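Quick mapping for you: the protein sequence lines, in order, are chains A, B, C and D. The entry's author numbering numbers the first residue of the first sequence as 1 and each following residue consecutively. The entry's author numbering numbers the first residue of the second sequence as 1 and each following residue consecutively. The entry's author numbering numbers the first residue of the third sequence as 1 and each following residue consecutively. The entry's author numbering numbers the first residue of the fourth sequence as 1 and each following residue consecutively. All residues carry an ideal CB built from backbone N, CA and C; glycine is no exception. Notes to accompany the following structure.
Protein chains: 4
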Amino acid sequence: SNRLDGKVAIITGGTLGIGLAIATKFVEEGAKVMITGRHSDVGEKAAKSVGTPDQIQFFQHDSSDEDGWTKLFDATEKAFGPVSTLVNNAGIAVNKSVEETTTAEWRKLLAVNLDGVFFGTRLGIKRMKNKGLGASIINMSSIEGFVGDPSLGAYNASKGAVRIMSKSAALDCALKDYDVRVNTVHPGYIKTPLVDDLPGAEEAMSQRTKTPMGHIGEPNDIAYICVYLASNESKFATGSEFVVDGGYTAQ
Amino acid sequence: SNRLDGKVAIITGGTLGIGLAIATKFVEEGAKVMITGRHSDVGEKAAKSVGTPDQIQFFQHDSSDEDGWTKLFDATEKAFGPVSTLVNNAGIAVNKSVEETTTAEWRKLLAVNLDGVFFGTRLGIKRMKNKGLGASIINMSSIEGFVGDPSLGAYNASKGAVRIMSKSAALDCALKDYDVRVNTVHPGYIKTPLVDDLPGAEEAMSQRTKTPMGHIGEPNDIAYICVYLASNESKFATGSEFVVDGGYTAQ
Amino acid sequence: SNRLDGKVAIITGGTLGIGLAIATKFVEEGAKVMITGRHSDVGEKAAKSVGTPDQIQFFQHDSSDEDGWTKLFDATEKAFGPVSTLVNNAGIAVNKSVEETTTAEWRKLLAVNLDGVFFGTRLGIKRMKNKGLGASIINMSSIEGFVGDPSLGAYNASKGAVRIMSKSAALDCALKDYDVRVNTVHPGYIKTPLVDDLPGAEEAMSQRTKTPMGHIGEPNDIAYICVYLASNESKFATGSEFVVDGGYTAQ
Amino acid sequence: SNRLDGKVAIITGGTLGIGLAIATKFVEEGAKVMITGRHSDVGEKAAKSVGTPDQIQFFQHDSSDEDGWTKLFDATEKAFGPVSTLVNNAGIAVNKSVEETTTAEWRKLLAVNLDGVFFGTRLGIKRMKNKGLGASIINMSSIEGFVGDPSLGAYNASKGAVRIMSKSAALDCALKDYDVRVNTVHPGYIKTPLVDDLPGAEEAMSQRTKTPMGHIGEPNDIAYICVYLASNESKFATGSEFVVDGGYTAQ
Ligand SMILES: [Mg+2]
Ligand SMILES: [Mg+2]
Ligand SMILES: [Mg+2]
Ligand SMILES: [Mg+2]
Ligand SMILES: [Mg+2]
Ligand SMILES: [Mg+2]
Ligand SMILES: [Mg+2]
Ligand SMILES: [Mg+2]
Ligand SMILES: [Mg+2]
Ligand SMILES: [Mg+2]
Ligand SMILES: [Mg+2]
Ligand SMILES: [Mg+2]
Ligand SMILES: [Mg+2]
Ligand SMILES: [Mg+2]
């Protein structure tokens, strides 16, 4: 282990589910982590459940909040030193077709899922470039960045945008020798206590016509691909999509 | 010909370049067309250059204008009867990396390229479903929906979003037997009088490392794939990307 | 119409189903056509059902037969003049998983589906380059070139190979200014009298979890995309995949 | 570390370059490894350079040799116990366009790159299914499985075939609860002593129009993604492509 020796990571939406598993494995591999979320009570308990404040801290933030992004990078620097690693994991879903999406639902989802990923990616490049950090921006971009779902219109838009915007950033950073890589992670269906709050959702998600493995994944499935992408093991990977989906997109 | 017999089409940004070539070939194939653009002087001249008002008319519209979308469908209905066909062609570009994109540039581009395509797609589904029209929504989604360009960050975001949002819409329309197809068209570099306004742009675009054919395309190259997608010839095509790029994405 | 004015086309497996529909629409659009198949009785009747020998003829050929490819181009030249257009449509399927595929089944399928497409593409480039024909090689490359099917192991291999081999050919022809385009067509499930010979196959193929439109296509669905790709309308399209699948790959 | 605790791996072409780096990192992570290659002198020295015979051994094999595949699995079992992990890395290249590829060159390359990967994948499924091994088949499938190169016609065919054949295998194994995953790894250009034998090749490969990072990768870049895919860390990944290419395919 020590696969993230000396790394300093921000993980948005790091207080629950997938983001918390990423935070946990990051700390286990020697990273210092700042997790974000909307609720201090959840966030402080989550940080304490992983490690001590010299390993992991919480910062209250809505990823749609442009000015808060600046305060989050400042706070992480103050705690841990220069940020090397950003996981843009925070996101929301609307369970509507394109046809049935209100303009308010459209703008709310895109504010988090697209604007927030843009704000973090843009600031991350500026803060992490040319510092010799082996810097890595890891953007959460979904199986819904590859295929449509008739009931996730706005979500599909946001995840298609993250997929290709990330390639633009990867290229610019590579061509300018910034020592910043940008890649996307594309989870299939994962058992999150949220999924456990939607009766029948896991069974629907586990049908062979959806997930050929016949079950959904766990948060650590996404944590381990994020460790690889944060570490210098992946120093030649940039501009690429990393899919962990139980076969969903293979059929 | 008569490949678009009885079709009624809206083409956004139809007053110039690619949109005007689509309008021209649509009228030649028997469609009735409403073209949109921002400037009445350009739009009325463009409509008259193609045909008489019983074939083609102009409607002044900014595709980012949600309320104007409703007036545009109403006007087209009043002129020509129920709309069967929508080409979401209007778009803008910012020549910035993700890193160098201002929030104002980001929001301006996404308002046209993403929100406008959403507004048109959403309204088109509601207006064209269940009428036996052989309805077709054709969304302009770029080579920049497949690959990054380090100087087109916001554009890449918008075109990745259009690519996958369109698949969501296609699926919902198919599963609900709406008789609406949704597909994307992905131009490579095309000689538009705008390109002719950027000295050196066509030569840059024609380098074999960019366009393997060693030259860029013309507006009619995009018009002909749009005729196919508007016609009942393509009644089994939905949720797919149609690329006309001189080999750009093949290498 | 006259969309294929002056074109001279070879269509392998042109005596039945999809290949015959391509032949029919090619002749309707002004092409001269040589169809191939294994059985003279079927082939001569098929040619006569479409038109007179000044429009369409039959040549008996197994697409796996390298030497016969040379005789087929010679025969087509003798009938109609220089060949401008090749549709590599002939193919076979084995209904086996990778695990359950015999080496004999593997080699038999690849001989037709991969070697035959290679032989035709390679000879087509040599015969059609630098003649000002607006030459077009159209290779049949399947939805099974994009996604796996657990019961089509060898077929998936062959169609993935055709997909990317075609891009190599497209690039070389473009870079060398050969005036030859190479593209792939990717049918979803199509009602062929063969499908009509497999009880339950069409219903299985029409389930929304397979084809979101809830029905399969017809041979003319593939004929019309092939007309576009054969015609000079598609003179800027090369190295690309054209999918006509009822939404199969969109989910 | 111990990320491959208890795993037993076969790595074809494991005596040199990328395959040797995969072998090295596999042994470092606790796997037992059988490397293959054509030359015993190279292979025995390679095994000894990594570890003792209780960690790593060599088996002389041409991956095109169907019967030798059976002897290789038997030998690995005898040395180390049941095989859990197969890396189909052996491959050759022909530096020819499709047009200029001889039939002999075509068949020679496909025998190694396609038939050999098929033989190994097919036998691996049969030997590793239903044993609770957390089994993983990792097939080498190239950037040339995603994009064409005008001078790699047969190579492009083989790597497109491996890409999609692997998805078929992944699906069948998932649906049948075999406890076998199948994934592809897609290197960009990597500095191998072979590349060092082609004067000017690395510089050509490092041009920003080819590899946006402006340099090529090293063998360990491919070793680390293979460790991830062999380990139980990737137990929810199957049917997917893992690209490590310095940005080559992102533009
Ligand atoms: Mg919280
Ligand atoms: Mg807050
Ligand atoms: Mg699918
Ligand atoms: Mg105007
Ligand atoms: Mg206006
Ligand atoms: Mg917005
Ligand atoms: Mg595609
Ligand atoms: Mg490229
Ligand atoms: Mg026949
Ligand atoms: Mg015969
Ligand atoms: Mg050797
Ligand atoms: Mg040998
Ligand atoms: Mg063979
Ligand atoms: Mg991909």
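Under the three-state reduction of DSSP, D:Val244 is assigned to strand. C:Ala135: not part of any alpha helix (DSSP H); member of the beta strand (DSSP E) spanning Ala135 to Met140, first to last residue. Bounds of the beta strand (DSSP E) holding A:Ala9 are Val8 to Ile11. At least one CB atom of chain B sits nearer than 8 Å to the CB of D:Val147. If you look at A:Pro187, you'll find it in the beta strand (DSSP E) that goes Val180 to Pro187. In the three-state scheme derived from DSSP, where H, G and I count as helix and E and B as strand, B:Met213 is classed as coil. Shown in chain order are the members of the segment 161-179 of chain C whose Cβ falls below 9 Å from a Cβ of chain D: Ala161, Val162, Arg163, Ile164, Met165, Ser166, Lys167, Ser168, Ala169, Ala170, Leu171, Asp172, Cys173, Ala174, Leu175, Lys176 and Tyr178. Excluding five sequence positions before and after B:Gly124, the CB atoms of its chain that fall closer than 6 Å to its own CB belong to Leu86 and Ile137, given in chain order.
Cβ-Cβ distances below 6 Å link C:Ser63 to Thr12, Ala90, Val112 and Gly116 in the same chain, with the five nearest sequence neighbours on each side left out; the list follows chain order.
About 7 Å separates the beta carbon of B:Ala223 from that of B:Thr24, a gap short enough to meet the 8 Å contact definition.
D:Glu241 has its Cβ nearer than 7 Å to a heavy atom of ligand 14. In this structure, the alpha-carbon of B:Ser40 lies about 21 Å from that of B:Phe26. When secondary structure is reduced to three states using DSSP, C:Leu4 falls in the coil class, being assigned neither helix nor strand. The residue among A:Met140, A:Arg127 and A:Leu110 with its C-alpha nearest the C-alpha of A:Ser84 is A:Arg127. At the C-beta level, A:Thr101 and A:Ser141 stay beyond 8 Å of one another. Against chain C, a Cβ distance below 7 Å from B:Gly116 picks out nothing, because the smallest value is about 22 Å.
Nearest CB-CB separation between A:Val8 and chain B: not below the 8 Å threshold. Proximity to A:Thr249 across D:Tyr248, D:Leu20, D:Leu198 and D:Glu241 peaks at D:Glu241, based on C-alpha coordinates. The beta carbon of A:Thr24 sits no closer than 7 Å to any heavy atom of ligand 1. Under the DSSP assignment, D:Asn113 falls outside any beta strand (DSSP E); it carries neither an H nor an E label. Between D:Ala31 and D:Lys7 the beta-carbon gap is near 4 Å, inside 8 Å, which marks them as a contact. Checking the 7 Å criterion, the Cβ of D:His39 is within range of a heavy atom belonging to ligand 11. Here B:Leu72 is not bridged, per DSSP, to any residue.
Apart from sequence neighbours up to five positions away, the residues of its chain that approach A:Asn2 with a beta-carbon distance below 6 Å are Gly30, ordered along the chain. For A:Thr211, the nearest beta carbon of chain C is not closer than 8 Å to its own beta carbon. D:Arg122 has its CB no nearer than 7 Å to any heavy atom of ligand 13. With fewer than three CB-CB distances shorter than 8 Å, the segment 214-230 of chain D does not count as touching the segment 150-161 of chain A. In this structure, C:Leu110 has its beta carbon less than 7 Å from a heavy atom of ligand 13.
Distances from the CB of A:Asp65 to the heavy atoms of ligand 6 are all 7 Å or more.
Under the three-state reduction of DSSP, B:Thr103 is assigned to helix. The C-alpha of B:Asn130 is placed about 33 Å away from the C-alpha of A:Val162.
Between D:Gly160 and D:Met213, the CB-CB gap reaches or exceeds 8 Å. Shortest gap from the CB of A:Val50 to any heavy atom of ligand 1: 7 Å or more.
A straight line joining the alpha-carbon of B:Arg38 with that of B:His61 spans about 6 Å.
Shortest Cα-Cα distance from A:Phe80 to any of A:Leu171, A:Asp5, A:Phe236 and A:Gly188 involves A:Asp5.
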